[PDB]
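Working notes, structure below.
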Amino acid sequence: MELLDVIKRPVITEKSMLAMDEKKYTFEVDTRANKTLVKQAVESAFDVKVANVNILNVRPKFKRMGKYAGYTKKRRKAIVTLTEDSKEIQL
Amino acid sequence: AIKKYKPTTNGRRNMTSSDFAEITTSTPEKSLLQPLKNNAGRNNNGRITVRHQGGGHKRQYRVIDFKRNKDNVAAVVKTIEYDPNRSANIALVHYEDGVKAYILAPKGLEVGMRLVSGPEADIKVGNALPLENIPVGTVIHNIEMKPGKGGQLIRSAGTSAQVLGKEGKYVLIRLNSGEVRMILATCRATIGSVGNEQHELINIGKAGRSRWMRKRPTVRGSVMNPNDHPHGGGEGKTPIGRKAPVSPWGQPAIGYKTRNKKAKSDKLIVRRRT
Amino acid sequence: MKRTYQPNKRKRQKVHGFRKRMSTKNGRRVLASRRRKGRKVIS
RNA sequence: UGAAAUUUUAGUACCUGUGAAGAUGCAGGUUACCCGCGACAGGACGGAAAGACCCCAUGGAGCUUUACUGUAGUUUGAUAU
RNA sequence: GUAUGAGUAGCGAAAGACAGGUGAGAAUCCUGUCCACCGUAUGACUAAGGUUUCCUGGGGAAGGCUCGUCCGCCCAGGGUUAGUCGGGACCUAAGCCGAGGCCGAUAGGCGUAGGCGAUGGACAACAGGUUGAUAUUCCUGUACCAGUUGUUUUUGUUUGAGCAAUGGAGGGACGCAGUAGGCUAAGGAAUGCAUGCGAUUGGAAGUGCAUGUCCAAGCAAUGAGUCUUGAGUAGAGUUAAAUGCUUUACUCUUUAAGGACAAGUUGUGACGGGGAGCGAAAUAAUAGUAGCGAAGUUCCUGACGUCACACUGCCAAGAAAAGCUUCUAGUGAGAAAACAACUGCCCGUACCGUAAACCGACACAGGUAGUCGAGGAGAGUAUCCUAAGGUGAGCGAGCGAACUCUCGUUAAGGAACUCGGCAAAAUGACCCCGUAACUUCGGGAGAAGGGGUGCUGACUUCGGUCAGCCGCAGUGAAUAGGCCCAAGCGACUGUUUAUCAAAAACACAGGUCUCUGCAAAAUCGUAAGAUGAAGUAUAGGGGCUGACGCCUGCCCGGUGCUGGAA
RNA sequence: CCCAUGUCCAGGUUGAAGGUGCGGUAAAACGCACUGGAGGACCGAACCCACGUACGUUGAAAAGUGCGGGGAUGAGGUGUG
Ligand SMILES: [K+]
Ligand SMILES: [K+]
Ligand SMILES: [K+]
Ligand SMILES: [K+]
Ligand SMILES: [K+]
Ligand SMILES: [Mg+2]
Ligand SMILES: [Mg+2]
Ligand SMILES: [Mg+2]
Ligand SMILES: [Mg+2]
Ligand SMILES: [Mg+2]
Ligand SMILES: [Mg+2]
Ligand SMILES: [Mg+2]
Ligand SMILES: [Mg+2]
Ligand SMILES: [Mg+2]
Ligand SMILES: [Mg+2]
Ligand SMILES: [Mg+2]
Ligand SMILES: [Mg+2]
Ligand SMILES: [Mg+2]
Ligand SMILES: [Mg+2]
Ligand SMILES: [Mg+2]
Ligand SMILES: [Mg+2]
Ligand SMILES: [Mg+2]
Ligand SMILES: [Mg+2]
Ligand SMILES: [Mg+2]
Ligand SMILES: [Mg+2]
Ligand SMILES: [Mg+2]
Ligand SMILES: [Mg+2]
Ligand SMILES: [Mg+2]
Ligand SMILES: [Mg+2]
Ligand SMILES: [Mg+2]
Ligand SMILES: [Mg+2]
Ligand SMILES: [Mg+2]
Ligand SMILES: [Mg+2]
Ligand SMILES: [Mg+2]
Ligand SMILES: [Mg+2]
Ligand SMILES: [Mg+2]
Ligand SMILES: [Mg+2]
Ligand SMILES: [Mg+2]
Ligand SMILES: [Mg+2]
Ligand SMILES: [Mg+2]
């Protein structure tokens, strides 16, 4: 796929902010994606030199609204750890 | 020789076994081995085709030169070895070209003894000659039926055939089982008896030892139900309420002959006992 | 007291699975009967 | 906190007798204030179950066989290849 | 749909009590103190399975067999980070599929090549911390495997270094039992060492009390020890070759030497980290939390954990394939090392997990693979009580009736009960003495039957022993055979009607008969094809009997079978 | 029931063959000790099974619990595929 549709959005949570304060940023990603593609995507989207990338894929979380029950969509969340001698992405 | 265990326990009471005096090693050759799946009487379709089998100790298959294709190249015996797939023992031979191989260790064979094959070969144990080049009266073993198929007939323990004559292209052969037969003269055979004549004498003493020998239990049809065997059923204990006792199918058990009467080899068979 | 249903994902899908059914001919009939019925769970 | 089996309606005594022949309910006589609680289990031919013993059905199923009729296999022959 | 029974049975094995708090409301929730329960688990890992049940913040409509401020319930948010763990980009067994092909009313069945497929083989990491929830994954240090670029130093340039096969070889590569032995977890917590403190209930500042009494992977060196004779000529062969591999003769050596393999030890890693305990404000540190931090010895026991299937014995004779090493054939002008930097994918990763999250309709006295599984006494994972740690059982209060159940004692008697000694009782551990008929000489046999066992000093040459003391009683509690005589059946150990029959029934080794000459016979199947067998009459199939011993008589007229033949 | 591949069986006990030595012998049969450590061997936890008994029998449970019970290196139990 294309590098900007690879990434979808960031994950604003307490854990993610605590990681932002340690220079590694969370991002939701195309579920079909790849770690090297996340790396390429961020490197082309921010001119920042990436150091490491971790990935999780989150299960679909059960939910319901009245009679009707279902599943939250699957997600894939990458954690992009940057280098020193590098910028800090601004969100 | 035979061992006769003392009667410490009621299972070990009347047991016997072999002392394995004739065996030099428990260490077979890593090259001539192949694996065996125990079929337990099952078949391609998974159904029991041969009853009363399976469930014993694991075994390997030892590749054996029943053919003796190799001629004018001698072979010296090193070791005699246990083969679980059979009743007889076997023997390792190095051909002087370096080929290792197993063969069926005849009677009166010992380490260092040297063996050959072909018409030029000599009348001595272990040597594979065609029935062309074998005199009358000699005991042989490891007989084949079609040239190049390999030895088929005399391969088990304490067995002994005997040449008795010729009719041109054929040779007249007494076998174990008392049967006299005409066999193709270009078939190869080896001189002597086959080996441990004492295997017939072994008492076993334990059902579990039969199990180790891969023999499940035999259940009698005088106790089964009528759906299960023609002898089944009856109040108390029943005689065979039939003529001609039978298999689980309708085949009689005693007397009924089973050789096909259209058998091509009936012209070859001269005098049969069984 | 052991019971009849000792679950296993693998055995379940190897026996009662789409691949098995679609491989056998008489599974093609089963699946096509789920559809004629109009099932949400074809397998 | 909170069931179940059961249950035609019921203000549901006893003896003797009667009666589809063994009555809480019919008769005659006797006894008995109304309502409950804990216990027992003689009866309600109590409950559970369209008797498994028995008989019947021109019922069923399994099994046996020198019951009948057939047949897969086995075998012999003729003919073709 | 609602009654009846009936506001009845039941509320599903077990210990909780109290003070405070929260709160509209408290046996039921929270905090705390005592108390009890588990402890070869009622503890800590973890595969499967479940699949969000995990964490936080609210809630009490329903569910929870009571209540409920609470929950595995409801609601809103969040949470699962891997080059090295497990699985795939590696290998294959059983088994499956199956080009072509064979067989076949169709449909399809079989099956070769080649693939798939772990429960196995191969394969480079581990110490701490850290979150409310993740941890060989994140963080800090220290590595390791495969690979890339560059620099430096070397050497190969076609009589050619190096790479090197699907080809040849080796290796991988294996069973069961049994002890010796080494080493190390581990334990005693015996000893010393460090820290803290002198108890108010009569006594003690001492041989008093309590607590603790460490650290990898990797690198280097070493190594208890264990395997294996090895070198050289003439050769033959390794589908062609080869310096590799196999082997036939021949010489020398074999306590040896050489070549491999090794648990583990020490030094680093480590000026680090952990750690008894002491213990910050500015306080949602409404702290025991940042933070600080001592010493970490000696002796005894001592592991089937590991060396290691190493050795010995035994028979029932104990996977393969790939990685890996070597060989050349081939290919080849670039390759080797040191250093710096860089790259390393996909799935799982939460939580339960001898359970209230799995299977059983339930928060069900059931079942659920494997690993660790401490101490005293003890042979012991038995048993009783405890440690670490975890629990207090999802209805209670009182009263202390019959009756039912689970337990405990009982006068005298002692199986008179009863279908019947059913059940219960009694015996029960260890040491010593002693032990019948019969016997297949092995056994019977732990026969039977007896005695002793505690504590304190002397004594041994370490166990006996002597003397004394106390109790009704000394394996003082718990845990552990009732025995004998005779008879029948079956020889035995085993198997059997999941859910009324455990047996004298089945099997069993043994015996006998019969068939079968190998494309066996028999069997599955339309047939191919397969089992039998990668077997071959001392093998296989079928029938009967059923260890061992003495035996197994007469009948072939009949019914079958076998053979025969006019 | 079977195929393949794995895994589990605390502890203790008895003491077969074989071997060694000492006797005894003309030399041996043979005997006495020691070693050795076999077994569908023994006692007995886990594990497996279900003999009896009581209870439960609209059960805690659509086959159990308690009190005892049998086997427990093998014809063993169990896991995965
Ligand atoms: K009554
Ligand atoms: K009928
Ligand atoms: K695996
Ligand atoms: K213990
Ligand atoms: K006759
Ligand atoms: Mg991942
Ligand atoms: Mg029967
Ligand atoms: Mg019949
Ligand atoms: Mg009779
Ligand atoms: Mg009969
Ligand atoms: Mg009547
Ligand atoms: Mg009347
Ligand atoms: Mg009237
Ligand atoms: Mg009442
Ligand atoms: Mg009735
Ligand atoms: Mg009726
Ligand atoms: Mg009532
Ligand atoms: Mg309860
Ligand atoms: Mg215990
Ligand atoms: Mg929770
Ligand atoms: Mg409630
Ligand atoms: Mg909550
Ligand atoms: Mg196929
Ligand atoms: Mg294949
Ligand atoms: Mg005082
Ligand atoms: Mg976890
Ligand atoms: Mg509960
Ligand atoms: Mg009394
Ligand atoms: Mg009496
Ligand atoms: Mg009794
Ligand atoms: Mg006691
Ligand atoms: Mg009698
Ligand atoms: Mg018996
Ligand atoms: Mg028994
Ligand atoms: Mg039963
Ligand atoms: Mg019999
Ligand atoms: Mg035993
Ligand atoms: Mg036992
Ligand atoms: Mg189990
Ligand atoms: Mg029973």
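Chains as they are written, first to last, in the authors' numbering: chain W, 1 to 91; chain G, 2 to 275; chain 6, 1 to 43.
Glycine included, every Cβ here is placed at the ideal spot set by N, Cα and C.
Run through DSSP, which three-state label would residue i get?
i                     : result
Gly70 (chain W)       : strand
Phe18 (chain 6)       : helix
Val58 (chain W)       : strand
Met65 (chain W)       : strand
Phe21 (chain G)       : coil
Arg29 (chain 6)       : helix
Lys5 (chain G)        : coil
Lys108 (chain G)      : coil
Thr275 (chain G)      : coil
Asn90 (chain G)       : strand
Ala158 (chain G)      : coil
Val80 (chain W)       : strand
residue 149 (chain W) : Only positions 1 to 91 of chain W appear in the structure, and residue 149 (chain W) is not among them; the question remains open.
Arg9 (chain W)        : strand
Mind checking residue i: buried by the 16 CB within 10 Å criterion, or exposed?
i                : result
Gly127 (chain G) : buried
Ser118 (chain G) : buried
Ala41 (chain W)  : buried
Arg156 (chain G) : buried
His16 (chain 6)  : exposed
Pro131 (chain G) : buried
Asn143 (chain G) : buried
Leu37 (chain W)  : buried
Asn54 (chain W)  : exposed
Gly152 (chain G) : buried
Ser248 (chain G) : exposed
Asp66 (chain G)  : buried
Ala264 (chain G) : exposed
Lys5 (chain G)   : exposed
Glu82 (chain G)  : buried
So the candidates are the options; which of them puts its Cα closest to the Cα of residue i?
i                : options                                                                   : result
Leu37 (chain G)  : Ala75 (chain G), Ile205 (chain G) and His58 (chain G)                     : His58 (chain G)
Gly179 (chain G) : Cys188 (chain G), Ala190 (chain G) and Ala162 (chain G)                   : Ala162 (chain G)
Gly256 (chain G) : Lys262 (chain G), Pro246 (chain G) and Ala264 (chain G)                   : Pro246 (chain G)
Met146 (chain G) : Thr28 (chain G), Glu133 (chain G), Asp123 (chain G) and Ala186 (chain G)  : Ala186 (chain G)
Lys31 (chain G)  : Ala22 (chain G), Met114 (chain G) and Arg63 (chain G)                     : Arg63 (chain G)
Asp267 (chain G) : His232 (chain G), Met183 (chain G) and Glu198 (chain G)                   : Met183 (chain G)
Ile104 (chain G) : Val77 (chain G), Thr50 (chain G) and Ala264 (chain G)                     : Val77 (chain G)
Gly166 (chain G) : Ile49 (chain G), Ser194 (chain G) and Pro136 (chain G)                    : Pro136 (chain G)
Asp84 (chain G)  : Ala158 (chain G), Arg217 (chain G) and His95 (chain G)                    : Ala158 (chain G)
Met225 (chain G) : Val140 (chain G), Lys238 (chain G), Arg210 (chain G) and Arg215 (chain G) : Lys238 (chain G)
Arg9 (chain W)   : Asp21 (chain W), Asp85 (chain W), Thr26 (chain W) and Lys49 (chain W)     : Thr26 (chain W)
Quiz item: Of all the beta strand (DSSP E) runs that stay within the bounds of the stretch 43 to 79 of chain G, which reach a length of 3 or more residues?
Solution: For the stretch 43 to 79 of chain G, whole beta strand (DSSP E) runs of length 3 or above, ordered along the chain, are 61 to 63.
Self-check item: Ranges of the beta strand (DSSP E) found wholly within the stretch 164 to 238 of chain G, counting only runs of at least 3
Solution: For the stretch 164 to 238 of chain G, whole beta strand (DSSP E) runs of length 3 or above, ordered along the chain, are 171 to 175, 181 to 185 and 189 to 192.
Self-check item: Around ligand 8, Cβ to any heavy atom closer than 6 Å, ordered along the chain
Solution: Here the residues come out as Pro227 (chain G) and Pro231 (chain G).
Quiz item: Which ranges does the beta strand (DSSP E) cover as unbroken runs of at least 3 residues, wholly within the stretch 113 to 147 of chain G, from first to last along the chain?
Solution: Qualifying beta strand (DSSP E) stretches, in chain order: 129 to 131.
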